[PDB]
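A short worksheet on the structure shown next.
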Amino acid sequence: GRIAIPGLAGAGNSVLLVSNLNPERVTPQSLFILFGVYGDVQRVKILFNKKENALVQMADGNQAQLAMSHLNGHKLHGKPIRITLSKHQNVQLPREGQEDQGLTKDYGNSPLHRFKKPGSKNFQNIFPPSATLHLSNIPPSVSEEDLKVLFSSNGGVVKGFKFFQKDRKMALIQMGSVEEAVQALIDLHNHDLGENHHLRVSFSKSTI
């Protein structure tokens with residue numbers, strides 16, 4: 001019956017899926033990271049050895065969408081991705097089978113953000129697959145040497161290395177690839193600096 005216009009009103013749903021997993025190469029935190037940059041990931045599930053899927057419960061529709069829009073042939077690890085949808089309400093903690101190790105996890109309101117909009121959706125930052133990673137939070141201890149020594153000890157192509165808009169606390173770097181600048185993120189986001197001043201990292205619009 002009544003379709004050829006389903007949506008607007010009731011549209012957006014927050015709960016995603018992640019499919020076309022290679023087994024090995026996809027992890028629970030690789031996944032958190034990108035959903036949690038594109039949006040603000042709410043809670044994170046895996047189908048371990050069940051489907052070659054991930055259930056990734058996102059911030060809302062236009063969030064979820066962007067992560068599916070950006071991920072969709074971002075070849076993270078290096079399989080043609082097919083992250084799609086679920087609608088599925090929320091996730092509340094399941095199964096023996098299921099939880100035991102951290103197939104499940106409960107990420108709720110992770111405090112890293114970078115958004116921290118009080119009930120905004122502003123969207124300036126996000127930037128589709130580029131090699132140039134935005135770095136933040138530096139106490140008066142480390143420097144560009146040590147931040148750059150970090151994207152240099154992970155394996156890295158570290159193209160360039162900089163300081164942000166005007167102000168200058170924040171830091172910017174560029175690897176050679178996303179394949180890398182992505183991998184290097186998954187490394188450095190919330191990089192356990194010490195006493196909860198852990199590293200914040202994403203994909204920048206500025207340059208080198």
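As shown in the structure tokens, the chain order sets the letters A, B, ...; within each chain, residues go from 1, and ligands are also counted from 1 in the order they appear.
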- Message: Give me, as a PyMOL selection string, the residues of chain A that a backbone DSSP run labels strand (DSSP E or B).
- Response: chain A and resi 15-19+43-44+47+53-54+56-57+82-85+132-136+160-162+171-174+200-203
- Would you return as an MDAnalysis selection string the members of chain A that DSSP assigns to alpha helix (DSSP H) on this structure's backbone? chainID A and resid 28:38 61:71 96:99 144:153 178:181 183:188
Residues of the last selection are to be written out with C-alpha atoms, as a CSV table (one decimal), in the first residue's frame.
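Done, and the output landed in result-v2.csv:
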chain,number,residue,atom,x,y,z
A,28,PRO,CA,35.5,-3.8,18.3
A,29,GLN,CA,37.6,-0.3,18.7
A,30,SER,CA,38.5,0.1,15.0
A,31,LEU,CA,34.6,0.3,14.7
A,32,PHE,CA,33.9,2.6,17.7
A,33,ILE,CA,36.4,5.2,16.5
A,34,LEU,CA,34.9,6.0,13.2
A,35,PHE,CA,31.2,6.1,14.4
A,36,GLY,CA,32.2,8.0,17.4
A,37,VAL,CA,33.9,10.8,15.0
A,38,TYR,CA,31.4,11.0,12.4
A,61,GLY,CA,19.8,8.9,11.4
A,62,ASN,CA,21.9,11.7,9.8
A,63,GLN,CA,25.0,10.5,12.0
A,64,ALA,CA,24.5,6.9,11.2
A,65,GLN,CA,24.1,7.9,7.6
A,66,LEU,CA,27.2,9.9,7.5
A,67,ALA,CA,29.2,7.1,9.0
A,68,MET,CA,27.7,4.9,6.2
A,69,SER,CA,28.4,7.6,3.7
A,70,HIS,CA,32.1,8.0,4.7
A,71,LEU,CA,32.9,4.4,5.7
A,96,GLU,CA,26.1,-15.6,27.9
A,97,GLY,CA,27.4,-16.5,24.4
A,98,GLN,CA,27.3,-12.9,23.7
A,99,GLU,CA,29.0,-10.7,26.5
A,144,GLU,CA,55.4,18.2,18.5
A,145,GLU,CA,58.5,16.0,18.8
A,146,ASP,CA,56.7,13.5,21.1
A,147,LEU,CA,53.3,13.8,19.3
A,148,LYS,CA,55.0,13.2,15.9
A,149,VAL,CA,57.4,10.5,17.5
A,150,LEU,CA,53.9,8.9,18.2
A,151,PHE,CA,52.5,8.8,14.6
A,152,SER,CA,56.3,7.7,13.9
A,153,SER,CA,56.4,4.8,16.1
A,178,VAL,CA,44.1,7.3,5.1
A,179,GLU,CA,44.8,3.6,5.2
A,180,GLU,CA,47.6,4.8,7.6
A,181,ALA,CA,46.1,8.3,9.1
A,183,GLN,CA,45.2,3.3,11.3
A,184,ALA,CA,47.2,5.9,13.3
A,185,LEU,CA,44.0,7.4,14.7
A,186,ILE,CA,42.7,4.1,15.7
A,187,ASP,CA,46.1,4.1,17.7
A,188,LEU,CA,46.2,7.5,19.1
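Counting only C-alpha atoms and comparing A:121, A:208, A:163, A:136, the residue that lies closest to residue 191 (chain A) is A:136.
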- Can you list, as JSON, numbers by chain, every protein, DNA or RNA residue that comes within 6 Å of region 103-110 of chain A when you count only C-alpha atoms, leaving out same-chain residues fewer than 3 positions away? {"A": [42, 43, 44, 45, 46, 98, 99]}
Mind dumping a table of every region 41-138 of chain A residue within 10 Å of region 15-24 of chain A, with the nearest atom pair and its distance in Å to one decimal, using only C-alpha atoms, sorted by chain and rising number, as JSON lines?
{"residue": "A:41", "atom": "CA", "partner": "A:15", "partner_atom": "CA", "distance": 9.7}
{"residue": "A:42", "atom": "CA", "partner": "A:15", "partner_atom": "CA", "distance": 8.8}
{"residue": "A:43", "atom": "CA", "partner": "A:15", "partner_atom": "CA", "distance": 8.9}
{"residue": "A:44", "atom": "CA", "partner": "A:15", "partner_atom": "CA", "distance": 9.6}
{"residue": "A:45", "atom": "CA", "partner": "A:17", "partner_atom": "CA", "distance": 9.4}
{"residue": "A:46", "atom": "CA", "partner": "A:18", "partner_atom": "CA", "distance": 9.1}
{"residue": "A:47", "atom": "CA", "partner": "A:21", "partner_atom": "CA", "distance": 9.8}
{"residue": "A:48", "atom": "CA", "partner": "A:23", "partner_atom": "CA", "distance": 8.0}
{"residue": "A:49", "atom": "CA", "partner": "A:23", "partner_atom": "CA", "distance": 7.6}
{"residue": "A:51", "atom": "CA", "partner": "A:19", "partner_atom": "CA", "distance": 8.6}
{"residue": "A:52", "atom": "CA", "partner": "A:21", "partner_atom": "CA", "distance": 5.0}
{"residue": "A:53", "atom": "CA", "partner": "A:19", "partner_atom": "CA", "distance": 4.6}
{"residue": "A:54", "atom": "CA", "partner": "A:18", "partner_atom": "CA", "distance": 4.8}
{"residue": "A:55", "atom": "CA", "partner": "A:17", "partner_atom": "CA", "distance": 4.8}
{"residue": "A:56", "atom": "CA", "partner": "A:16", "partner_atom": "CA", "distance": 5.0}
{"residue": "A:57", "atom": "CA", "partner": "A:15", "partner_atom": "CA", "distance": 3.9}
{"residue": "A:58", "atom": "CA", "partner": "A:15", "partner_atom": "CA", "distance": 5.4}
{"residue": "A:59", "atom": "CA", "partner": "A:15", "partner_atom": "CA", "distance": 8.1}
{"residue": "A:60", "atom": "CA", "partner": "A:15", "partner_atom": "CA", "distance": 7.5}
{"residue": "A:61", "atom": "CA", "partner": "A:15", "partner_atom": "CA", "distance": 8.3}
{"residue": "A:63", "atom": "CA", "partner": "A:16", "partner_atom": "CA", "distance": 9.9}
{"residue": "A:64", "atom": "CA", "partner": "A:16", "partner_atom": "CA", "distance": 6.3}
{"residue": "A:65", "atom": "CA", "partner": "A:16", "partner_atom": "CA", "distance": 8.8}
{"residue": "A:67", "atom": "CA", "partner": "A:16", "partner_atom": "CA", "distance": 9.4}
{"residue": "A:68", "atom": "CA", "partner": "A:18", "partner_atom": "CA", "distance": 8.5}
{"residue": "A:71", "atom": "CA", "partner": "A:18", "partner_atom": "CA", "distance": 9.3}
{"residue": "A:72", "atom": "CA", "partner": "A:18", "partner_atom": "CA", "distance": 9.9}
{"residue": "A:77", "atom": "CA", "partner": "A:22", "partner_atom": "CA", "distance": 8.9}
{"residue": "A:78", "atom": "CA", "partner": "A:22", "partner_atom": "CA", "distance": 8.6}
{"residue": "A:79", "atom": "CA", "partner": "A:22", "partner_atom": "CA", "distance": 6.9}
{"residue": "A:80", "atom": "CA", "partner": "A:20", "partner_atom": "CA", "distance": 7.3}
{"residue": "A:81", "atom": "CA", "partner": "A:20", "partner_atom": "CA", "distance": 5.5}
{"residue": "A:82", "atom": "CA", "partner": "A:19", "partner_atom": "CA", "distance": 5.1}
{"residue": "A:83", "atom": "CA", "partner": "A:18", "partner_atom": "CA", "distance": 3.8}
{"residue": "A:84", "atom": "CA", "partner": "A:17", "partner_atom": "CA", "distance": 5.3}
{"residue": "A:85", "atom": "CA", "partner": "A:16", "partner_atom": "CA", "distance": 4.6}
{"residue": "A:86", "atom": "CA", "partner": "A:16", "partner_atom": "CA", "distance": 5.5}
{"residue": "A:87", "atom": "CA", "partner": "A:15", "partner_atom": "CA", "distance": 5.3}
{"residue": "A:88", "atom": "CA", "partner": "A:15", "partner_atom": "CA", "distance": 5.8}
{"residue": "A:89", "atom": "CA", "partner": "A:15", "partner_atom": "CA", "distance": 6.9}
{"residue": "A:90", "atom": "CA", "partner": "A:15", "partner_atom": "CA", "distance": 6.7}
{"residue": "A:91", "atom": "CA", "partner": "A:15", "partner_atom": "CA", "distance": 8.5}
Suppose we keep C-alpha atoms; can you now write the selection as a PDB file, in the first residue's frame?
ATOM      1  CA  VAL A  41      28.659   6.484  19.115  1.00  0.00           C
ATOM      2  CA  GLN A  42      26.072   5.472  21.801  1.00  0.00           C
ATOM      3  CA  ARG A  43      26.738   1.557  22.325  1.00  0.00           C
ATOM      4  CA  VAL A  44      28.806  -1.134  20.408  1.00  0.00           C
ATOM      5  CA  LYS A  45      28.142  -4.856  19.595  1.00  0.00           C
ATOM      6  CA  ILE A  46      29.815  -7.352  17.446  1.00  0.00           C
ATOM      7  CA  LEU A  47      28.411 -10.678  15.699  1.00  0.00           C
ATOM      8  CA  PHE A  48      31.890 -12.258  16.630  1.00  0.00           C
ATOM      9  CA  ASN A  49      31.670 -15.549  14.529  1.00  0.00           C
ATOM     10  CA  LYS A  51      26.926 -13.207  10.703  1.00  0.00           C
ATOM     11  CA  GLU A  52      30.296 -11.278   9.485  1.00  0.00           C
ATOM     12  CA  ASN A  53      28.386  -8.178  10.897  1.00  0.00           C
ATOM     13  CA  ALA A  54      28.774  -5.470  13.647  1.00  0.00           C
ATOM     14  CA  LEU A  55      26.061  -3.712  15.512  1.00  0.00           C
ATOM     15  CA  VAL A  56      27.103  -0.241  15.938  1.00  0.00           C
ATOM     16  CA  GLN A  57      24.235   1.970  17.762  1.00  0.00           C
ATOM     17  CA  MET A  58      24.813   5.474  16.715  1.00  0.00           C
ATOM     18  CA  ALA A  59      23.921   9.020  17.693  1.00  0.00           C
ATOM     19  CA  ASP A  60      20.771   9.251  15.188  1.00  0.00           C
ATOM     20  CA  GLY A  61      19.800   8.895  11.384  1.00  0.00           C
ATOM     21  CA  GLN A  63      24.958  10.489  11.981  1.00  0.00           C
ATOM     22  CA  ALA A  64      24.514   6.853  11.208  1.00  0.00           C
ATOM     23  CA  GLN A  65      24.136   7.940   7.582  1.00  0.00           C
ATOM     24  CA  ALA A  67      29.247   7.112   8.961  1.00  0.00           C
ATOM     25  CA  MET A  68      27.678   4.869   6.201  1.00  0.00           C
ATOM     26  CA  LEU A  71      32.885   4.386   5.672  1.00  0.00           C
ATOM     27  CA  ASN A  72      31.131   3.215   2.344  1.00  0.00           C
ATOM     28  CA  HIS A  77      41.556  -2.207   6.698  1.00  0.00           C
ATOM     29  CA  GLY A  78      40.963  -3.183   3.156  1.00  0.00           C
ATOM     30  CA  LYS A  79      37.655  -4.854   2.219  1.00  0.00           C
ATOM     31  CA  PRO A  80      34.889  -3.077   0.065  1.00  0.00           C
ATOM     32  CA  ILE A  81      32.566  -2.244   3.078  1.00  0.00           C
ATOM     33  CA  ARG A  82      28.909  -2.495   3.117  1.00  0.00           C
ATOM     34  CA  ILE A  83      28.040  -0.779   6.531  1.00  0.00           C
ATOM     35  CA  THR A  84      24.108  -0.464   6.215  1.00  0.00           C
ATOM     36  CA  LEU A  85      21.087  -0.112   8.730  1.00  0.00           C
ATOM     37  CA  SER A  86      18.827  -1.921  11.489  1.00  0.00           C
ATOM     38  CA  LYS A  87      16.424   0.715  13.064  1.00  0.00           C
ATOM     39  CA  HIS A  88      16.581  -1.852  16.249  1.00  0.00           C
ATOM     40  CA  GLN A  89      15.324   0.319  19.286  1.00  0.00           C
ATOM     41  CA  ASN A  90      18.328   0.362  21.598  1.00  0.00           C
ATOM     42  CA  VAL A  91      20.674  -2.499  22.844  1.00  0.00           C
TER      43      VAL A  91
END
- Message: Please compute the CA of residue 120 (chain A)-CA of residue 14 (chain A) distance, one decimal, in Å.
- Response: 16.1 Å
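With CA of residue 172 (chain A) on one side and CA of residue 125 (chain A) on the other, the separation reads 13.2 Å.
Checking A:174, A:26, A:199, A:73 one by one against residue 113 (chain A), counting only C-alpha atoms, you find the shortest gap at A:199.
Here CA of residue 114 (chain A) is placed at a distance of 16.5 Å from CA of residue 168 (chain A).
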